[PDB]
Each structure stands twice: as structure tokens, then as C-alpha cells.
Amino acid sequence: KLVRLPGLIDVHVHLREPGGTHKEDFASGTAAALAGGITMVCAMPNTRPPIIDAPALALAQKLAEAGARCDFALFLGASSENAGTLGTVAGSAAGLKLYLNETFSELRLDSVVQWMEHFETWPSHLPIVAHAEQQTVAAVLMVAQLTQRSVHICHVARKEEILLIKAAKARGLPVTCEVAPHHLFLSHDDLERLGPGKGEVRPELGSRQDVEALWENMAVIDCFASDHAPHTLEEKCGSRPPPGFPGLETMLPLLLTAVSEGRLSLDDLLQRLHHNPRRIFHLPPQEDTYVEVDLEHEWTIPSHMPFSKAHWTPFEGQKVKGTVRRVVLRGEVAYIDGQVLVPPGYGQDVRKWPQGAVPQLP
């Protein structure tokens, strides 16, 4: 029989609009979200132009309100120049994103003093999330401690990183983290199939011991989040391949397969794709919204899923069990067995809902 799930939330997607709309756009990316059982997305700021100032945020808001099919919030991006400038618009964003390592990003902050300046100037009650790999996780945690506030670590991929976060949580430090499906379901073993172009992602694919360590430390993982990072196959297979994988349409099917194999419970899944995203990012509930899944249907991931403009997937050939049958978003059928039924522009900026503002002391 079907199982009804609440509206799932992905706090880490790249929708590529503005400036990279051949890779994705709000319409195609949120179509891919609905097809993956996702009714609310938080979109990263590494677009063209990047969302690193009030005018770029206003532009992206309209673009999102016109093209998004599911609901959304938009990240602001930290830059080497905008610390202390974001106070009037900070509350309207999903949170502040820091790029602390090299990746598909023009926003790297090279001095730790720039990190501190952001942690000090960004309103302390609003989320800060970091792309922070290996020792950079410990470095950014230190900055959070010096500035006495929380931090959220994006796509944790390594035994090294999850064990460090585990030690920090055991000392009572306010740190949360997310893990992406490719770091749970792929590894070095797959680089031969993928090749060095397709296989290019940051954080890179881990060893089998990295993958095993994340599964063993499920209790340390607060959120699953796709880091949906679409690029075209041409780009992935070209001279300088940009890192990243598309993932909205495969994330939930992969995770449902793990559930059916007894590797985690349905509750563990709902904690990490609904409750914890809500509470870490202060995201509002979605009225009359739910996802119906079929845990019985077995299928094989094809060479590309229907909706993402990436038109490729590193999970090709994996056998999954579990499929999104229907999604209702705020009282409308949004998706059924491969058909997206709400138009571009149906989706709304949740930070403009009364319940979607982050509460704060006057």
C-alpha cells in the first residue's frame, strides 16, 4: 500500500537561475524536486550574478516566484566584500552560505579573518552553513566557538569529518550537519564506471570506509540534503569538468531502498528530510502538503531522470526499491507518476510567510 509522508525538505540545492539556466532553472529544478518527493528547497547563492547583495537577492526572489513549482527559500552568499552589509535583508534569506574550499564557486574566502567577520556581523539568530572539507570543518567550528554561535556543515563526506562533528557535539557545541546521497551510496569503487569527468564532485567521493563510517554514525547526521548540483553531460565530460552531481530525483528512491533493506528506519528518514531541516532553518510548515510513496516497486536508475536539465546521473544502473507516486502541495496535486501538474510560479518564498520569519529577541 501507499505510505503518506509529510512534505520533505532539501536544504541544499543549486537551481542555477540566474546565469546558468542551460544547467537547470527554477522551473526544471523544482519539477525535479517534486518528482523526488521534495516540496520545499533552499537554493544556494553561487549563481550568475551570485546572490551576495540586496539587488541580487531581489532579482532571484522574483525569478524564483515566477519559475518555482515547489516552495523555497534563498540563501545569501558570503563574499570577501559583503560582511556587515547584509543586515537589512538577512532575515529574508534561508541563511548565510560560506564557501571555504575550492568548488564550482567564485565566493571562496581565503582568510579566516573574513570568516570571523561574517560570523560576527551576520545576525546571530539566522542560520550559517559552510562548505567545509576535512580540516576546514575544525577551522570553521573554531570560528563558531570564538564568535559563540552555531554552524551547519554542508555535505559531510568523510570518516574524518563525521568523527570530528561527533566529538564537537559530545562537548555540547552547537553544530549540525547534512549528508548527501552520493556520499552514502557511491564511493571510490564507482570512479572506474563514472570516469574522471562525471565522477568529479566536491566533496570528492569517499573510500568504502568513509561510506561505512557515515552509516555507522547516522546518529550524528542531522539532515539528508541532495547538494543537487546540475551540469550538462558535455560540461562533465569536457576539459575542465565542474564538480557536482544532479540528485533531487534520485535522493528519496535511494533512501527508501535503504529503509526497505533495514539500514535505517522510516522515522530516521523523516527526521533527516523533514523535522531536522525544519528546526535548524526555522522553516514553516506547509498546509495540506504530503508525499505518497510506494515501497514495493523495484526499478533501475536510467541514464538520466525525466526532469533535471542535467540530463545525466551518477546513479545510473543502481537498483532501487521505492518510488514517489503522488505529491500534494498546499492542496493541489503537484506530481503524479511522472507528470508535474503545477505550473512555474506556483511555488512561494516561505520566508515571506508569517510563520516563516525566524523569531528573534527585539
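Start at 1 with the first residue shown and count on from there.
The PDB entry records a higher mean C-alpha B factor for 189-197 than for its counterpart among 189-197 and 228-236. Legend: mean Cα B-factor per stretch from the PDB entry, 100-108 versus 273-281; the higher mean is in 100-108. Across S92, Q209, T136, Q286, the greatest Cα temperature factor reported in the deposited entry is at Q209.
When the modelled residues of the chain are ordered by their C-alpha B factor, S303 lands in the highest third. Ranked by C-alpha B-factor against the other modelled residues of its chain, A310 falls in the middle third. Remark: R69 belongs to the lowest third of its chain, ranked by C-alpha B-factor as recorded. Looking at the C-alpha B-factors along this chain, the one for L256 belongs to the middle third. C42 sits in the lowest third of its chain by CA B factor, as recorded in the PDB entry.
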